[PDB]
Structures are given as structure tokens and as C-alpha cells.
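Visitor: I am attaching a structure below and will ask some questions about it afterwards.
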Amino acid sequence: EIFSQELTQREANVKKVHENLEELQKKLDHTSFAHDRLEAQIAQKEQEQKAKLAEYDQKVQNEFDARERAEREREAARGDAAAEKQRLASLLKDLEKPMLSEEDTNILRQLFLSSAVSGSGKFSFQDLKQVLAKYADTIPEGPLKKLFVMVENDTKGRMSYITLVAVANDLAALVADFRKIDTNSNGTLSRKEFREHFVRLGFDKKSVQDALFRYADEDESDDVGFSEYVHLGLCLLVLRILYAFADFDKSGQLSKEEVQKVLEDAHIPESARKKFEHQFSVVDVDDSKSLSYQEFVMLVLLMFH
């Protein structure tokens, strides 16, 4: 709900450029074996867009800070401020797992502790990328890690563009304030609470819900704590970003062929995805030869975790 016209104009701006890039490509993507005029052009627009997005991101970030602060003011005006500072304190501590910085901890507190990004309909690639960078290492070298590295490496924009424009609203909706999920204020969500929250985000299947819960609770205690919550949430932002990274057409849903590329494109060993075809089926519950974000996320899990 960031209804600020100066942002909106930068967005429409970046989009005109990108629509160009696409055209050019498609063209050189259709000319025949005789000769690098387009490629020359294409490479151009790529830098341009890469530059427009970089400014747009910053603008989005400032807007976010403006919101968070305003949110703090509100809290205080509604109760013991000092108290509230301790709550955020106890929580951010659970993060202490990666080598987070003071800067990294604020991105995280804003994304998952605030309510500044949640729902705004905007998202910053820069904030994500910075944090992803440090969590990839926390991940055992493997398929899953190549998926993280793929979003971070952000080549030729694409990741940058999809996050800032393509699917910002949807990435903003997968994020939420732990404290708002955590009603009794125990500092650890429960299966009940977990399910409830993830039904709102679209995971209406127990089977998948359990899959997620299983993934977040590394401490094997059948309870989700801020820290594990943050780990699951950063995982969902990546898969949602890759999901859209593989939608050649605007089909809205991925195809067996489409999921194949990404996995390949991500540099994942065939030795790590041999049953891939049967799994695709198992996940296809409706058997429509095309996966949805919820299914794509059950697939990734089924396969690599």
C-alpha cells in the first residue's frame, strides 16, 4: 500500500525499457544464420535497465525506512515503548546460524519483525541479495544452495528486474511480522499457528504444510522460532522469485519443461535430480502437467530436502 506516484513513475519507466529489451532479444532470437547488431543493442539496454532498477531500489528502501520508523512511533504511543524494544531484542537474538552484520540485522528486523514491507506491494532486491549472500553459506553445498546462488548472482538483471517490478507485490505478501503471527507472545509459533498463517499465503495442503514445518524446524522440536521462521521465509522468497524466473510465457503456471531449465540453468547435477520426472507427477496432484507456486515449492523440497 505504498501509493506514492514518484515510485509508480519510476516503475512504468523501467518497464518501457524492459519491454524494449524483450523486443530486441526476440528479434535477434528470430534472425537467421547471417550476421551482432541486435546483440550489441540488447547488451546496451541491459546496462540501462540495470541502472534504472538500482535507483528505483534505493527509492523503495527509503520509503520502507520511512514506514518502519512511523510504525515504531505508533507502538510507543500505544504502550510501554521500552517493553517493545526488549521484545524485538529477545527475538533478533535468536538469530545468534550465519555471521549477520548490524546492517543485515536491520533488513531482517524490517522484513520479518516490522510490517513496513509486508503488504506494501513493493520489495527491494538489494536488501534480499545482501541477506541471501550470508545465508547461502549456512547451507550445505548442494542443489538447494545453487538455487540461492542463482538469485544472488543476479546476472544480466533478470533477478533484479523480477523482484523489483515483475513480482514485488507477491514477494511483499509472503513476508510478515513474526510478532503478529506469534500471538501469546511465546517467541515460537506452533503447528496450529504455523498452519493458520501459511493457509493465508496459499499453502492449503497439510502435506505441503508439514513439508514446510519439517524444513523450518532444524532444532527438531516441533516448534517454529523466529530464527527458523526467518530461514523458511527467505527460502520461500527465493523459490517464488525463481518460479517467475521460469515463466517464459505469462502462462502463470510452470510446465515440466520450464522447471527443467531452471534446475539445469542453476547448475544442478543430474545425479541430484534423476527421479525428477516421477516427482513432477506426484506433485502435479491435479495432474495438469503444470505446477503452481505451492507445487513448485513442494517439488523443490521433495527433491532436494
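Each chain in the C-alpha cells gets a letter, A, B and so on, in the order shown; residues start at 1 in every chain, and ligands are counted from 1 in the order they appear.
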Do a neighbour search on residue 268 in chain A at 7 Å with only C-alpha atoms, toss out local chain neighbours closer than 3 positions, and write the hits as a PyMOL selection string.
Guide: chain A and resi 143+146+263-264+272
Visitor: Residue 90 in chain A: which residues within 12 Å, counting only C-alpha atoms, same-chain residues fewer than 2 positions away excluded, as number ranges by chain?
Guide: A: 83-88, 92-96, 109, 113, 179, 185-188, 225-227
Visitor: Identify, on the basis of only C-alpha atoms, every residue whose closest approach to residue 261 in chain A does not exceed 12 Å; exclude the query and any residue fewer than 3 positions from it along the same chain; express the result as number ranges by chain.
Guide: A: 242-243, 245-248, 254-258, 264-268
Visitor: Keeping N, CA, C and O atoms, export the residues of the selection given above as a PDB file, in the first residue's frame.
Guide:
ATOM      1  N   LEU A 242      12.349 -17.562  -8.316  1.00  0.00           N
ATOM      2  CA  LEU A 242      12.730 -18.484  -9.380  1.00  0.00           C
ATOM      3  C   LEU A 242      11.480 -18.922 -10.148  1.00  0.00           C
ATOM      4  O   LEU A 242      11.488 -19.021 -11.371  1.00  0.00           O
ATOM      5  N   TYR A 243      10.391 -19.150  -9.435  1.00  0.00           N
ATOM      6  CA  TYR A 243       9.168 -19.560 -10.101  1.00  0.00           C
ATOM      7  C   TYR A 243       8.867 -18.640 -11.260  1.00  0.00           C
ATOM      8  O   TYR A 243       8.619 -19.092 -12.359  1.00  0.00           O
ATOM      9  N   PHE A 245      10.936 -16.665 -12.584  1.00  0.00           N
ATOM     10  CA  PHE A 245      12.112 -16.613 -13.425  1.00  0.00           C
ATOM     11  C   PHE A 245      11.981 -17.645 -14.525  1.00  0.00           C
ATOM     12  O   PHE A 245      12.667 -17.562 -15.530  1.00  0.00           O
ATOM     13  N   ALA A 246      11.090 -18.613 -14.342  1.00  0.00           N
ATOM     14  CA  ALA A 246      10.919 -19.679 -15.321  1.00  0.00           C
ATOM     15  C   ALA A 246       9.647 -19.620 -16.134  1.00  0.00           C
ATOM     16  O   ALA A 246       9.351 -20.543 -16.875  1.00  0.00           O
ATOM     17  N   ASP A 247       8.891 -18.546 -16.014  1.00  0.00           N
ATOM     18  CA  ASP A 247       7.639 -18.457 -16.743  1.00  0.00           C
ATOM     19  C   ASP A 247       7.795 -17.797 -18.106  1.00  0.00           C
ATOM     20  O   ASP A 247       7.278 -16.699 -18.321  1.00  0.00           O
ATOM     21  N   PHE A 248       8.506 -18.458 -19.019  1.00  0.00           N
ATOM     22  CA  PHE A 248       8.716 -17.936 -20.379  1.00  0.00           C
ATOM     23  C   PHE A 248       7.514 -17.101 -20.823  1.00  0.00           C
ATOM     24  O   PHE A 248       7.614 -15.882 -20.997  1.00  0.00           O
ATOM     25  N   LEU A 254       3.928 -23.045 -14.137  1.00  0.00           N
ATOM     26  CA  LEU A 254       5.088 -23.659 -14.750  1.00  0.00           C
ATOM     27  C   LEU A 254       4.819 -25.012 -15.384  1.00  0.00           C
ATOM     28  O   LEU A 254       3.938 -25.762 -14.962  1.00  0.00           O
ATOM     29  N   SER A 255       5.609 -25.312 -16.407  1.00  0.00           N
ATOM     30  CA  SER A 255       5.482 -26.563 -17.129  1.00  0.00           C
ATOM     31  C   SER A 255       6.704 -27.417 -16.856  1.00  0.00           C
ATOM     32  O   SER A 255       7.786 -26.904 -16.549  1.00  0.00           O
ATOM     33  N   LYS A 256       6.511 -28.724 -16.977  1.00  0.00           N
ATOM     34  CA  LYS A 256       7.568 -29.697 -16.777  1.00  0.00           C
ATOM     35  C   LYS A 256       8.836 -29.208 -17.479  1.00  0.00           C
ATOM     36  O   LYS A 256       9.927 -29.227 -16.913  1.00  0.00           O
ATOM     37  N   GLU A 257       8.673 -28.750 -18.714  1.00  0.00           N
ATOM     38  CA  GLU A 257       9.799 -28.259 -19.496  1.00  0.00           C
ATOM     39  C   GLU A 257      10.429 -27.049 -18.818  1.00  0.00           C
ATOM     40  O   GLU A 257      11.659 -26.935 -18.730  1.00  0.00           O
ATOM     41  N   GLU A 258       9.569 -26.150 -18.345  1.00  0.00           N
ATOM     42  CA  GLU A 258      10.001 -24.935 -17.669  1.00  0.00           C
ATOM     43  C   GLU A 258      10.781 -25.208 -16.372  1.00  0.00           C
ATOM     44  O   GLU A 258      11.835 -24.604 -16.143  1.00  0.00           O
ATOM     45  N   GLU A 264      18.411 -26.923 -14.506  1.00  0.00           N
ATOM     46  CA  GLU A 264      19.612 -27.069 -15.308  1.00  0.00           C
ATOM     47  C   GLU A 264      20.367 -25.760 -15.184  1.00  0.00           C
ATOM     48  O   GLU A 264      21.503 -25.714 -14.714  1.00  0.00           O
ATOM     49  N   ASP A 265      19.700 -24.691 -15.592  1.00  0.00           N
ATOM     50  CA  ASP A 265      20.243 -23.341 -15.562  1.00  0.00           C
ATOM     51  C   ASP A 265      20.960 -23.039 -14.245  1.00  0.00           C
ATOM     52  O   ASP A 265      21.950 -22.322 -14.211  1.00  0.00           O
ATOM     53  N   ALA A 266      20.462 -23.614 -13.161  1.00  0.00           N
ATOM     54  CA  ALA A 266      21.042 -23.402 -11.846  1.00  0.00           C
ATOM     55  C   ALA A 266      22.329 -24.187 -11.585  1.00  0.00           C
ATOM     56  O   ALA A 266      22.941 -24.034 -10.529  1.00  0.00           O
ATOM     57  N   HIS A 267      22.733 -25.024 -12.541  1.00  0.00           N
ATOM     58  CA  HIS A 267      23.947 -25.841 -12.412  1.00  0.00           C
ATOM     59  C   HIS A 267      23.743 -26.988 -11.430  1.00  0.00           C
ATOM     60  O   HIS A 267      24.597 -27.241 -10.578  1.00  0.00           O
ATOM     61  N   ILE A 268      22.618 -27.688 -11.545  1.00  0.00           N
ATOM     62  CA  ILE A 268      22.351 -28.787 -10.627  1.00  0.00           C
ATOM     63  C   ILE A 268      22.611 -30.141 -11.266  1.00  0.00           C
ATOM     64  O   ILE A 268      22.085 -30.450 -12.335  1.00  0.00           O
TER      65      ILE A 268
END
Visitor: Enumerate the residues of range 36-254 of chain A with a DSSP assignment of alpha helix (DSSP H), computed from the backbone, and present them as a ChimeraX atom specification.
Guide: /A:38-76,81-94,102-108,125-136,143-153,159-161,168-172,178-181,191-200,206-216,226-245
Visitor: Residues of range 84-129 of chain A that approach range 162-171 of chain A to 7 Å or less, counting only C-alpha atoms: could you list each one with the shortest pair of atoms and its distance in Å to one decimal, rows by chain and increasing residue number, as a Markdown table?
Guide:
| residue | atom | partner | partner_atom | distance |
| --- | --- | --- | --- | --- |
| A:121 | CA | A:169 | CA | 3.9 |
| A:122 | CA | A:168 | CA | 4.8 |
| A:123 | CA | A:168 | CA | 5.1 |
| A:124 | CA | A:164 | CA | 6.0 |
| A:125 | CA | A:163 | CA | 5.8 |
Visitor: Dump N, CA, C and O atoms for the selected residues as a compact mmCIF listing (two decimals), in the first residue's frame?
Guide:
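Just written: result23.txt:
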# COMPACT_ATOMS: atom_id res chain seq x y z
N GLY A 121 3.34 -3.84 -1.28
CA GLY A 121 3.23 -4.05 -2.71
C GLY A 121 4.56 -3.73 -3.39
O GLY A 121 4.61 -3.55 -4.60
N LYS A 122 5.63 -3.65 -2.62
CA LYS A 122 6.96 -3.34 -3.15
C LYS A 122 7.98 -4.24 -2.44
O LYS A 122 7.67 -4.82 -1.40
N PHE A 123 9.18 -4.36 -2.98
CA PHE A 123 10.19 -5.20 -2.35
C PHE A 123 11.52 -4.75 -2.89
O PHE A 123 11.58 -4.31 -4.02
N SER A 124 12.57 -4.84 -2.09
CA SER A 124 13.91 -4.44 -2.53
C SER A 124 14.83 -5.63 -2.85
O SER A 124 15.00 -6.54 -2.03
N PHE A 125 15.41 -5.65 -4.05
CA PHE A 125 16.29 -6.76 -4.37
C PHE A 125 17.56 -6.62 -3.58
O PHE A 125 18.12 -7.60 -3.11
Visitor: Work out how far CA of residue 294 in chain A is from CA of residue 206 in chain A, in Å to one decimal.
Guide: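 Between these atoms lies a distance of 11.7 Å.
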Visitor: In Å, rounded to a single decimal, give me how far CA of residue 293 in chain A is from CA of residue 46 in chain A.
Guide: 27.8 Å
